[PDB]
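Please read the structure below before turning to the comments.
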Amino acid sequence: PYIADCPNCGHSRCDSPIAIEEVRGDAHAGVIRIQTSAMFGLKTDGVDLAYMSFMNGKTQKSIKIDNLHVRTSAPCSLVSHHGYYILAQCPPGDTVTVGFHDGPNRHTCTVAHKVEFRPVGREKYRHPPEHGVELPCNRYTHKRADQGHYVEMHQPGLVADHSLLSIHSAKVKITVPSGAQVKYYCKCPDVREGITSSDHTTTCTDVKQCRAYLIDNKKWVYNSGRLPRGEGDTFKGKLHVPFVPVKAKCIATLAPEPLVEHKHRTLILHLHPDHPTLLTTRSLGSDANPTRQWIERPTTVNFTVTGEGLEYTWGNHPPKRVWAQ
Amino acid sequence: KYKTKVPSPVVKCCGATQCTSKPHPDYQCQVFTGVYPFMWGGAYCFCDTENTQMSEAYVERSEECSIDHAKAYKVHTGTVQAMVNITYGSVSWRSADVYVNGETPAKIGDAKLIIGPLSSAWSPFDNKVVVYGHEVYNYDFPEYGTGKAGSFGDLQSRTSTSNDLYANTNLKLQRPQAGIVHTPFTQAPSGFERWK
Amino acid sequence: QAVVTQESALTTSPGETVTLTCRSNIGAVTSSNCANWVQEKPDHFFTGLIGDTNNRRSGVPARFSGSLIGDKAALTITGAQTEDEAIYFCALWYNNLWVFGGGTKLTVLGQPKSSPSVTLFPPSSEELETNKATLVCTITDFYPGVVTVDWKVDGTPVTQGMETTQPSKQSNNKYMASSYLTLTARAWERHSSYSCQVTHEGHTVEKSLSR
Amino acid sequence: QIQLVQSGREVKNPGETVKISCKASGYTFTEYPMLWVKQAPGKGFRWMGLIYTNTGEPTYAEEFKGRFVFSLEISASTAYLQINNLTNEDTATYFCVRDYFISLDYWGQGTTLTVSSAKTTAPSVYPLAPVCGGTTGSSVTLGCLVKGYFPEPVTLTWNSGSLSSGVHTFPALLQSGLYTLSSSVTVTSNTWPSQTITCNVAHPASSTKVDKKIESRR
Numbered sequence: 501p502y503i504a505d506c507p508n509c510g511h512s513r514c515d516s517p518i519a520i521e522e523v524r525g526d527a528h529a530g531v532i533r534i535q536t537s538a539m540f541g542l543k544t545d546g547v548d549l550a551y552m553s554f555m556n557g558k559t560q561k562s563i564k565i566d567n568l569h570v571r572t573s574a575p576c577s578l579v580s581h582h583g584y585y586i587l588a589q590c591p592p593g594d595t596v597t598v599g600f601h602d603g604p605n606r607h608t609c610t611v612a613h614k615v616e617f618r619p620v621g622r623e624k625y626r627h628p629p630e631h632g633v634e635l636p637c638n639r640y641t642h643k644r645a646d647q648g649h650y651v652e653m654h655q656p657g658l659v660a661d662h663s664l665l666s667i668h669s670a671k672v673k674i675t676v677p678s679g680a681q682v683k684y685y686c687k688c689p690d691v692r693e694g695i696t697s698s699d700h701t702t703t704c705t706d707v708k709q710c711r712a713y714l715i716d717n718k719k720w721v722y723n724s725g726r727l728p729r730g731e732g733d734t735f736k737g738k739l740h741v742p743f744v745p746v747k748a749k750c751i752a753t754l755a756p757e758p759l760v761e762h763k764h765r766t767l768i769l770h771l772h773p774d775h776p777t778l779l780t781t782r783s784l785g786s787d788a789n790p791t792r793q794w795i796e797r798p799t800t801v802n803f804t805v806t807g808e809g810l811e812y813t814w815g816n817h818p819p820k821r822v823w824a825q
Numbered sequence: 050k051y052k053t054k055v056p057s058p059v060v061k062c063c064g065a066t067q068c069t070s071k072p073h074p075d076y077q078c079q080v081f082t083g084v085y086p087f088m089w090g091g092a093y094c095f096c097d098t099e100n101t102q103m104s105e106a107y108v109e110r111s112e113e114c115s116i117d118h119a120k121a122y123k124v125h126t127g128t129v130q131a132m133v134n135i136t137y138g139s140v141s142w143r144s145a146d147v148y149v150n151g152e153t154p155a156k157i158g159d160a161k162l163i164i165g166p167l168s169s170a171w172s173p174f175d176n177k178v179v180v181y182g183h184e185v186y187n188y189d190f191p192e193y194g195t196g197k198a199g200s201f202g203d204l205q206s207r208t209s210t211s212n213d214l215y216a217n218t219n220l221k222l223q224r225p226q227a228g229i230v231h232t233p234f235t236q237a238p239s240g241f242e243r244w245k
Numbered sequence: 501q502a503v504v505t506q507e508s509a510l511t512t513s514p515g516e517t518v519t520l521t522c523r524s525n526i527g528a529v530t531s532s533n534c535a536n537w538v539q540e541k542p543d544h545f546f547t548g549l550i551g552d553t554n555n556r557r558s559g560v561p562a563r564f565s566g567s568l569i570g571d572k573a574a575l576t577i578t579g580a581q582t583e584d585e586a587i588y589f590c591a592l593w594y595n596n597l598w599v600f601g602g603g604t605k606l607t608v609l610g611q612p613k614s615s616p617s618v619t620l621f622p623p624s625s626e627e628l629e630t631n632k633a634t635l636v637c638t639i640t641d642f643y644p645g646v647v648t649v650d651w652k653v654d655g656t657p658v659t660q661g662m663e664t665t666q667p668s669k670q671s672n673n674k675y676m677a678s679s680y681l682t683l684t685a686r687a688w689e690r691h692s693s694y695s696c697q698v699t700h701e702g703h704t705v706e707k708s709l710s711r
Numbered sequence: 001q002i003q004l005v006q007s008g009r010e011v012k013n014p015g016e017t018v019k020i021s022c023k024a025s026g027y028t029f030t031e032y033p034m035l036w037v038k039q040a041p042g043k044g045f046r047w048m049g050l051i052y053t054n055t056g057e058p059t060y061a062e063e064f065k066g067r068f069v070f071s072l073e074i075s076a077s078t079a080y081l082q083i084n085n086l087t088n089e090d091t092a093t094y095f096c097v098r099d100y101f102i103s104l105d106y107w108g109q110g111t112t113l114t115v116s117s118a119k120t121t122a123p124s125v126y127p128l129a130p131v132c133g134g135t136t137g138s139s140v141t142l143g144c145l146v147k148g149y150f151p152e153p154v155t156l157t158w159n160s161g162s163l164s165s166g167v168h169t170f171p172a173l174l175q176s177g178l179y180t181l182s183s184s185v186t187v188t189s190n191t192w193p194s195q196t197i198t199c200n201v202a203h204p205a206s207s208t209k210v211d212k213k214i215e216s217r218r
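Shown next as structure tokens:
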């Protein structure tokens with residue numbers, strides 16, 4: 501579970517494990533795929549997707565997911581998590597605002613991202629309905645058995661941990677997690693690399709002038725922009741994405757039927773939608789003479805139909821056609 | 050639409066790290082100094098101006114590029130077709146797919162039939178066309194290799210597999226603020242975002 | 501290369517709340533040390549109580565809870581019980597290995613005293629056929645677990661020949677011990693009155709045989 | 001549910017090797033690796049390392065890198081400790097343990113090793129019946145004395161193990177270079193000598209098995 505710098509972490513820029521990168525309000529189904537720097541899913545070892553492992557300290561905390569909250573302008577709905585990554589059904593929102601509850605603390609993370617949800621169709625809803633026609637939307641999956649893409653996930657760079665740099669009663673005293681690789685020296689001249697167990701520091705004294713580092717590359721990370729490079733190498737760790745964008749047919753929009761009214765080679769149409777509906781036509785002469793107008797306000801319109809025919813498209817309701825001799 | 054899939058910046062703690070122009074599409078990279086990067090322990094690099102930060106970001110096809118993607122074409126005239134039914138005579142049936150070029154038969158059923166060429170050569174497609182899912186746009190797409198950032202075709206990949214592309218996105222990195230690790234990428238949202 | 505330290509012994513009474521602590525020599529204990537608490541009952545009987553600071557193993561009574569208090573890991577027994585009398589060990593993780601504390605012996609008031617059950621057996625005859633005789637004195641079910649065993653051949657305190665084991669904890673949490681007095685087939689046949697005297701929480705119990 | 005049952009306790013002269021088994025029950029072996037802990041007679045508890053029961057890679061504590069070797073009969077849910085070129089100061093008890101829940105949740109029974117030079121002496125098993133006269137109470141205590149054997153261990157049961165309630169088996173103790181053990185059993189006065197009560201003793205090191213029925217002295 502990677503940890504990075506959340507931008508407006510409740511107060512201001514903290515370093516949250518759930519630091520939000522790559523917000524994708526690019527689908528249609530009320531859904532956003534998000535990456536936390538935290539890797540929830542199974543535990544550290546082997547069990548139960550519905551548990552929760554973020555970083556506390558240098559360490560993980562692979563425990564229950566109890567009170568996740570993604571949210572935006574309104575509280576979102578989770579869809580599924582896998583890896584670093586969560587899918588959640590959100591409404592539109594100027595921002596994105598994520599957070600669980602460990603239990604002692606709220607411990608959330610928030611971010612800017614322009615979000616919208618147009619459904620696919622000539623109706624510009626704000627939200628998916630219960631009914632209407634199905635038609636080919638873009639949307640992310642529920643599932644994990646997924647390989648359609650993979651993002652590079654090589655090592656972490658080092659990280660700071662000044663909990664290490666204690667004092668040896670006059671000298672600044674570094675320690676190690678588990679024998680991990682601590683990269684160490686101070687502004688003064690003393691040990692210059694640091695690949696060690698718990699060292700002391702002969703020369704410097706102040707904690708604030710030393711290299712508290714953790715080369716702990718036993719587990720790779722996501723290659724966040726808010727990661728410091730592991731300077732050594734491009735290690736392996738090519739790793740999939742679960743939530744591929746797929747060609748789901750969203751349960752989708754439908755605009756109320758029109759009121760057809762006859763006139764001489766002319767369609768008066770008293771019209772009354774639910775939401776802004778893009779109407780348009782095609783006078784089937786080799787003179788096309790089409791028309792487009794989003795209609796949200798109910799409006800009686802007109803169409804000079806010709807002899808050979810016109811067609812009529814009340815939103816994603818199917819196209820009509822008309823003989824006006 | 051692009052995805053500014055930022056590679057994680059370098060932070061050298063005391064002195065410079067010259068960047069090189071890697072061959073990634075629109076590989077924008079700019080060295081930066083004068084940081085003090087707060088990373089989980091306050092700052093970590095002990096210098097104060099020699100703290101160096103090298104930001105790098107390249108453009109890459111979205112995952113939606115595979116599936117939700119506009120598609121340009123140079124469109125010529127080709128050859129028109131039809132599933133002509135004839136419930137002929139007393140034969141009463143043939144529903145056959147045919148051509149228009151005026152020497153093609155199609156002996157499906159029992160009758161041999163030659164069609165066209167039609168006189169009405171209006172291809173409703175223009176020469177240049179963009180295509181999107183089902184909505185087809187007879188648009189003068191600028192070209193591969195040229196599309197102005199923000200305008201349509203800021204990202205221009207030959208196909209989905211094609212690792213090479215043209216990404217005029219005007220991607221300009223800026224220095225991160227007040228000694229904190231992050232990557233200001235200042236960029237036009239795509240000409241595929243608009244165009245929708 | 502880290503030293504976990506724990507209280508040596510703590511005494512409480514049934515119904516009280518008692519806290520055991522676990523200190524690390526390198527610094528404050530934190531959640532990344534995943535403090536574990538293990539209990540050792542007599543008979544080399546180990547069970548895990550808490551893990552990852554505050555996760556209670558399944559089937560461990562709720563009177564047990566773990567936490568970090570100050571800069572150390574703590575185990576609180578809320579409503580200590582007589583059954584909780586045992587040795588509690590803490591373990592701390594240090595990035596690559598585990599370090600165990602010295603353990604805290606906890607004593608909880610309870611288990612009303614119980615007198616020993618003493619039995620003295622004569623040398624069997626198959627053994628007298630070896631030119632040897634061993635009088636076995638068995639003492640079981642006594643609590644507190646401390647006794648004094650004194651042998652007396654013919655009225656006279658034997659002082660050489662005897663061996664008394666150390667009190668061993670039985671399952672019910674009472675103790676046992678046996679004492680042996682080895683004579684020779686011959687020493688056997690000589691003297692005439694053997695007696696195993698056991699002194700426990702002030703009362704004495706004498707079990708005598710007559711050859 | 002989870003039972004880690006360990007091998008019985010061995011005796012070995014300096015220089016020898018020992019393989020201590022840990023047979024796991026109740027969990028899926030593969031998702032939980034094994035901790036090997038040494039509780040030395042005085043000293044307290046010490047982590048010897050951990051074995052990834054999935055890949056098979058062992059970690060040794062630095063104190064244990066060398067003569068110690070962890071391995072596993074995966075197939076049978078067994079983990080094993082092998083201590084080669086036994087040093088006399090390796091006498092202690094070794095526990096296997098399951099690593100789970102950010103710590104250790106279950107511990108085994110322990111296998112105690114006593115590194116010690118000595119030949120092989122079979123035990124003499126002696127019945128302990130009550131005094132020749134009377135012995136009239138609501139119950140009755142019989143015994144069994146397992147004298148003069150080497151090395152450890154011996155096992156002792158009563159009536160093939162069907163009589164376990166009211167039994168006190170007393171830890172073996174070294175006296176004049178040999179181990180001596182004893183056990184008592186208490187039953188209602190109606191049971192004995194009406195029904196047969198038998199002491200069962202095994203000494204693996206000498207391939208000695210003795211069944212001794214407790215008989216009345218007259």
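Residue numbers (the deposited numbering), protein chains in the order written: chain B, 501 to 825; chain A, 50 to 245; chain D, 501 to 711; chain C, 1 to 218. A virtual CB, placed ideally from N, CA and C, is assigned to each residue, including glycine.
Interface residues of chain B facing residue i [CB-CB closer than 9 Å]
i: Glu113/A; result: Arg524, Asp526, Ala527, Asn638, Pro745
i: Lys50/A; result: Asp526
Near the ligand ATP: residue i beta-carbon under 6 Å from a heavy atom
i: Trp651/D; result: By its list of ligands, the structure shown contains no ligand whatsoever, and the ligand ATP lies outside what it can speak to.
Residue i: contacting residues in chain C (beta-carbon distance under 7 Å)
i: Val531/B; result: Residues of chain C passing the Cβ test: none, with the nearest at roughly 33 Å.
i: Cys534/D; result: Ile102, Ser103
Beta bridge counterpart(s) of residue i as assigned by DSSP
i: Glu811/B; result: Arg821/B
i: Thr157/C; result: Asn200/C
i: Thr30/C; result: According to DSSP, which records beta bridges pairwise, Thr30/C is partnered with nothing at all.
i: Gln539/D; result: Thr547/D, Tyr588/D
Contact list for residue i against chain C, beta-carbon separation under 9 Å
i: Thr638/D; result: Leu128, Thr141, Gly143, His168, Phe170, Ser182, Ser183, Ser184
Closer than 7 Å to chain C by CB, residue i
i: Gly546/B; result: yes
i: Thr619/D; result: yes
Minimum Cβ-Cβ distance from residue i to chain D less than 7 Å
i: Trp47/C; result: yes
i: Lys558/B; result: yes
i: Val131/C; result: yes
C-beta neighbour in chain A for residue i, strict 7 Å
i: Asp716/B; result: no
i: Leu635/B; result: no
Whole-Å CB distance - residue i paired with residue j, under 8 Å assumed
i: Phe70/C; j: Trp36/C; result: 6 Å
i: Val579/B; j: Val531/B; result: 6 Å
i: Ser516/B; j: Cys576/B; result: With 8 Å as the limit, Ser516/B and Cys576/B do not qualify as a contact, their Cβ atoms being about 18 Å apart.
Closer than 7 Å at the beta carbon, the chain D residues around residue i
i: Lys561/B; result: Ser531
Per-residue contacts from residue i into chain B (C-beta, under 8 Å)
i: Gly527/D; result: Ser663, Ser666, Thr675
Residue-chain proximity (residue i, chain B), Cβ-Cβ < 7 Å
i: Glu57/C; result: no
i: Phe95/A; result: yes
i: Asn596/D; result: yes
Cross-chain neighbours of residue i in chain D, by beta carbon under 9 Å
i: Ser697/B; result: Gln501
Contact between the stretch 94-107 of chain C and the stretch 145-163 of chain C is defined here as three or more beta-carbon pairs at a separation below 8 Å; is this criterion met? Proximity of the stretch 94-107 of chain C to the stretch 145-163 of chain C falls short of the contact definition, fewer than three beta-carbon pairs being nearer than 8 Å.
Would the stretch 741-756 of chain B and the stretch 625-641 of chain B be scored as touching if the rule is three or more Cβ pairs under 8 Å? Yes: the two stretches touch, three or more of their Cβ pairs being nearer than 8 Å.
Across the stretch 723-736 of chain B and the stretch 224-237 of chain A, are there enough close Cβ pairs to call them in contact, namely three or more that are closer than 8 Å? The stretch 723-736 of chain B vs the stretch 224-237 of chain A: in contact.
Contact between the stretch 192-205 of chain A and the stretch 807-817 of chain B is defined here as three or more beta-carbon pairs at a separation below 8 Å; is this criterion met? Contact fails: fewer than three Cβ-Cβ distances are below 8 Å.
Does the stretch 504-514 of chain D come within contact of the stretch 604-618 of chain D, defined as at least 3 CB pairs closer than 8 Å? These segments touch.
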